[PDB]
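Notes to accompany the following structure.
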Amino acid sequence: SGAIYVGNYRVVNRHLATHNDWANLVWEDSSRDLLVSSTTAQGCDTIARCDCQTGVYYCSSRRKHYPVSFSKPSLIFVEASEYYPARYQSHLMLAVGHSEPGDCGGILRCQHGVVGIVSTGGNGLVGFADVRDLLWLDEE
Ligand SMILES: CSc1ccncc1NS(=O)(=O)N1CCC[C@H](C(N)=O)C1
Ligand SMILES: [Zn+2]
């Protein structure tokens with residue numbers, strides 16, 4: 007579990023969105039595993055606007071933040087899970103690191119701010135849904 011709180015927005019994995027998230031929906035995209043809802047209080051996270059390929063992510067299954075090297079956002083095949091059928095997920099970055107299903111939502115960050123959230127994994131890999139292209143998270 008986990009979310010990004012920037013401005014009056016809450017960014018979560020689409021597959022983990024609550025009924026309150028859907029009832030206050032701003033934008034969702036199943037191909038990216040992302041959903042954004044509106045919030046009453048202002049959040050403290052800042053979004054990175056950069057092309058870093060190194061950063062640090064939070065792994066809840068280890069209670070630890072790990073430094074990682076990650077690939078550029080791409081279209082990657084993701085196997086069938088209890089949340090989606092086998093499909094191509096877009097804007098996904100891969101890294102070598104520990105992950106378990108419940109680790110989804112952990113933040114990946116660089117020196118500039120939040121880069122994305124854990125979305126996929128398995129066998130010593132972890133995948134992150136990038137958010138750096140969503141410029142509208144910084145306004146309105
Ligand atoms: C951190 S997710 C994870 C980690 C380790 N083993 C396995 C997994 N699970 S998964 O990769 O099948 N995942 C399950 C939840 C939905 C995800 C999606 N974005 O399509 C796919
Ligand atoms: Zn950066």
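Counting from 7, one number per residue, gives the positions in the sequence shown under the deposited numbering. Don't be surprised by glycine CBs; every beta carbon is placed ideally from N, CA and C.
Short Cβ contact (8 Å threshold) for residue i with residue j
i             : j             : result
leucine 41    : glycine 111   : no
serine 44     : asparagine 14 : yes
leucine 98    : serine 80     : yes
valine 137    : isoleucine 10 : yes
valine 84     : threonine 126 : yes
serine 105    : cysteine 65   : yes
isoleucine 53 : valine 124    : no
Residue i classed as buried or exposed, judged by whether at least 16 other C-beta atoms fall within 10 angstroms
i             : result
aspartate 109 : buried
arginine 16   : buried
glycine 130   : exposed
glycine 61    : buried
Boundaries of the alpha helix (DSSP H) in which residue i is found, first to last residue
i             : result
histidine 104 : From DSSP, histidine 104 is part of no alpha helix (DSSP H); its letter is neither H nor E.
Range of the contiguous beta strand (DSSP E) that encloses residue i
i             : result
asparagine 26 : Element bounds for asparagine 26: not the beta strand (DSSP E) but the alpha helix (DSSP H), 25-29.
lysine 78     : First-last for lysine 78: undefined, no H or E at that position.
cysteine 65   : 60-65
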